[PDB]
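S.K.:
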Amino acid sequence: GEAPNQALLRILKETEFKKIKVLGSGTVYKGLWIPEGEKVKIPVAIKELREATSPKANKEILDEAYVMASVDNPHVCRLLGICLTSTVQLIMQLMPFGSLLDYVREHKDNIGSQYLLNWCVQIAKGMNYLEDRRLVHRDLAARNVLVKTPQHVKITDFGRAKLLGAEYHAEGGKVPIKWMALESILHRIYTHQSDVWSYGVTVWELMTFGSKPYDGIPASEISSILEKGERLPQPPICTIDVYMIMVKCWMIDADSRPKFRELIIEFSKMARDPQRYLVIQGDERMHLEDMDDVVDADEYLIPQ
Ligand SMILES: */C=C\C(=O)Nc1ccccn1
Ligand SMILES: [Cl-]
Ligand SMILES: [Cl-]
Ligand SMILES: [Cl-]
Numbered sequence: 178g179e180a181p182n183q184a185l186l187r188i189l190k191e192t193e194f195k196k197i198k199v200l201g202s203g204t205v206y207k208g209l210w211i212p213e214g215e216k217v218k219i220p221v222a223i224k225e226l227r228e229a230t231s232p233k234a235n236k237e238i239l240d241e242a243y244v245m246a247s248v249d250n251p252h253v254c255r256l257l258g259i260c261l262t263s264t265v266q267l268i269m270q271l272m273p274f275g276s277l278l279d280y281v282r283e284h285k286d287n288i289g290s291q292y293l294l295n296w297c298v299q300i301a302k303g304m305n306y307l308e309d310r311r312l313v314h315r316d317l318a319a320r321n322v323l324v325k326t327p328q329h330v331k332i333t334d335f336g337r338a339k340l341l342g343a344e345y346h347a348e349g350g351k352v353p354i355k356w357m358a359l360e361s362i363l364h365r366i367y368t369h370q371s372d373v374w375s376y377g378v379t380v381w382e383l384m385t386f387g388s389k390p391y392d393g394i395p396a397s398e399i400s401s402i403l404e405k406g407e408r409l410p411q412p413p414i415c416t417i418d419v420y421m422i423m424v425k426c427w428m429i430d431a432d433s434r435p436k437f438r439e440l441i442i443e444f445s446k447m448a449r450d451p452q453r454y455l456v457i458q459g460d461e462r463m464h465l466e467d468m469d470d471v472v473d474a475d476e477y478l479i480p481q
């Protein structure tokens, strides 16, 4: 037998929170949560299913809720609770600067080496934590990392996350070919080491300020390109030191890839001397009613 999952799933009354405005279209809202009987306001993102007249859609969102409730790490998104109105609502920590994909696209000109490499560290810590929790994300991508502040990012989108057991077996869907390990595209094998392949791609997105991997290459062709030994090119800002780490994440032998713990170490060494490891034009010259009882979710802790 495995260790029991004693995560608490918190049920919230719809009256505990206020939708302030729409971020995306079901529909994600920016809002505020007052925990019942506590003098605190918590900035939240409220993910509300549209119809939910789909029994299928409901399993998907509750699986997400299951996983986000069972994770507690500074570099992974946690659930504050769920609301069981007509439409099931996930309440989570608001990540006000949006996805790191949009953030690096929008801010190409203001992002220096210190921020890129620290991001690579934080995503490695997030991902190592999940590995410690025997969790395979299966959808790591710069779009699925959110920005709390420019100094603080979190892995999100646990919709595809599964427990390990090594090779996890899948059986269809709309899948992110350009981020996936070869063994995942060919045999639907997913491991922590398939997650290291997508970490690799995620880092290439950051280091290219959000370029599209294999842009203008049909997904049908990716498996053959990879089998032919082709990989994404060295980004302009990347020293061979940084690119060689990306390349090792894209080895065909899964056990020849680095471990998330090793990636933490290698990126931290690089983060102590960022301008040795990334070369960016103008790097040194770069900067990035009642709110009284507002507390960030990260300072809002309930008994464990
Ligand atoms: C890590 C919590 C989370 O996913 N929050 C979020 C989602 C969408 C927009 C903003 N914040
Ligand atoms: Cl699950
Ligand atoms: Cl560091
Ligand atoms: Cl409490």
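Heads up, the final residue of the sequence shown is numbered 481 in the working numbering, and it's a clean run with no missing numbers.
Cβ coordinates follow ideal geometry from the N, Cα and C atoms, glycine included.
1) Taking only heavy atoms of ligand 4 into account, decide whether any of them is closer than 6 angstroms to the Cβ of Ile211.
2) In the DSSP assignment, what are the bridge partners of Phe194?
3) Please return the same chain residues whose Cβ sits closer than 8 angstroms to the Cβ of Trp356, not counting the five positions on each side in sequence.
4) Looking only at its chain, what residues have a beta carbon closer than 7 angstroms to the beta carbon of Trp381, apart from the 5 residues adjacent to it on each side?
5) Could you have a look at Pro451 and say whether DSSP puts it in helix, strand or coil?
6) Just to be sure I understand the criterion: a residue counts if its Cβ is closer than 6 angstroms to at least one heavy atom of ligand 1. Which residues meet that?
7) Going along the chain, which residues put their C-beta within less than 6 angstroms of some heavy atom in ligand 3?
8) Taking only runs that begin and end inside the segment 306 to 383, name each unbroken alpha helix (DSSP H) of 4 or more residues, in chain order.
9) Relative to the C-alpha of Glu228, which candidate in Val244, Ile211, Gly208 and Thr264 has its C-alpha closest?
10) Tell me whether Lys331 is buried or exposed, calling it buried when 16 or more other Cβ atoms sit within 10 Å of its Cβ.
11) Suppose only complete runs of 3+ residues qualify. What are the beta strand (DSSP E) ranges in the segment 257 to 281, listed by chain order?
12) With DSSP as the reference, label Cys297 as helix, strand or coil.
13) If you follow the beta strand (DSSP E) that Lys224 is part of, which residue opens it and which one closes it?
14) Ignore the nearest five residues each way along the sequence and tell me which others in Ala347's own chain have a CB closer than 6 angstroms to its CB.
15) Between the C-alpha atoms of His329 and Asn235, what's the straight-line distance to the nearest angstrom?
16) Counting Cβ pairs, one atom from each stretch, are 3 or more of them under 8 angstroms apart for the segment 279 to 287 and the segment 243 to 252?
17) Please list the terminal residues of the continuous alpha helix (DSSP H) segment that includes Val419.
18) Find out if the Cβ-Cβ distance for the pair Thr368, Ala338 is shorter than 7 angstroms.
19) List the whole-angstrom C-beta distance separating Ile268 from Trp210, where the pair is believed to meet the contact cut-off of C-beta under 8 angstroms.
20) For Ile457, which residues of its own chain have a beta-carbon under 7 angstroms away from its beta-carbon, when the five flanking residues on both sides are left out?
21) How about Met384 and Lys325: do their beta carbons lie closer than 7 angstroms?
22) Which same chain residues, not among the five before or five after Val419, have their C-beta less than 6 angstroms away from its C-beta?
23) Could you name the residues that DSSP lists as bridge partners for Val205?
M.R.: Inspection of the coordinates gives the following:
1) Translated into the one-based positions of the sequence shown, residue 211 becomes position 34. Placement of the Cβ of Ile211 at a distance of 6 angstroms or more from every heavy atom of ligand 4 is found.
2) Numbered from its first residue, the sequence shown carries residue 194 at position 17. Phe194 is bridged by DSSP to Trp210.
3) Reading the sequence shown from its first residue, position 179 is the one you call residue 356. Result list for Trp356: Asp316, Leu317, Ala318, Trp374, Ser375, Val378, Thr379 and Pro390, in chain order.
4) Your numbering for residue 381 matches position 204 in the sequence shown. Contacts found: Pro390, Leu409, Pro412 and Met423.
5) Position 274 of the sequence shown, counted from the first residue, corresponds to residue 451. DSSP places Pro451 in helix when its eight states are reduced to three.
6) One residue list follows from the rule of a beta carbon closer than 6 angstroms to any heavy atom of ligand 1, given in chain order as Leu200, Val205, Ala222, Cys254, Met269, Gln270, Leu271, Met272, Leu323, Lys331 and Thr333.
7) That gives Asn295, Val298, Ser445 and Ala448.
8) Qualifying alpha helix (DSSP H) stretches, in chain order: 359 to 364.
9) On the sequence shown, residue 228 is found 51 positions in, with the first residue counted as 1. For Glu228, the closest alpha carbon among the candidates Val244, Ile211, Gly208 and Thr264 is that of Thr264.
10) Within the sequence shown, numbered from 1, the residue matching residue 331 stands at position 154. So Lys331 counts as buried.
11) Complete beta strand (DSSP E) runs here, min 3: 265 to 270.
12) The residue you call residue 297 lines up with position 120 of the sequence shown. Helix, per DSSP.
13) Counting from one through the sequence shown, the residue named residue 224 turns up at place 47. Run containing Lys224: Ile219 to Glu225, per the beta strand (DSSP E) assignment.
14) Within the sequence shown, numbered from 1, the residue matching residue 347 stands at position 170. So the list reads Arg365, once near-sequence residues are dropped.
15) Here residue 329 corresponds to residue number 152 of the sequence shown, with the count starting at 1. Here residue 235 corresponds to residue number 58 of the sequence shown, with the count starting at 1. Taking the straight line from one Cα to the other gives about 31 angstroms.
16) Inter-segment contact for the segment 279 to 287 and the segment 243 to 252 is absent: fewer than three beta-carbon pairs are separated by less than 8 angstroms.
17) As a first step, residue 419 must be located in the sequence shown, where it is residue number 242. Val419 -> alpha helix (DSSP H) spans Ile417 to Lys425.
18) By one-based count along the sequence shown, residue 368 stands at place 191. By one-based count along the sequence shown, residue 338 stands at place 161. No. Outside cutoff.
19) Here the question's residue 268 lines up with position 91 in the sequence shown. Here the question's residue 210 lines up with position 33 in the sequence shown. Sure, about 6 angstroms apart at Cβ, within 8 angstroms.
20) Along the sequence shown, read from residue 1 onward, the residue named residue 457 stands at position 280. Counting only residues of its own chain and dropping the five nearest sequence neighbours on each side, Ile457 has a CB closer than 7 angstroms to the CB of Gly289, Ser290 and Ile414.
21) Taking the first residue of the sequence shown as 1, we reach residue 384 at position 207. Taking the first residue of the sequence shown as 1, we reach residue 325 at position 148. Going by C-beta atoms, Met384 is not nearer than 7 angstroms to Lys325.
22) Working through the sequence shown from its first residue, we reach residue 419 at position 242. Take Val419, set aside five residues on each side of it, and the residues of its chain with a beta-carbon closer than 6 angstroms to its own are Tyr454, in chain order.
23) Along the sequence shown, read from residue 1 onward, the residue named residue 205 stands at position 28. Answer is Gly201 and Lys224, bridged to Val205.
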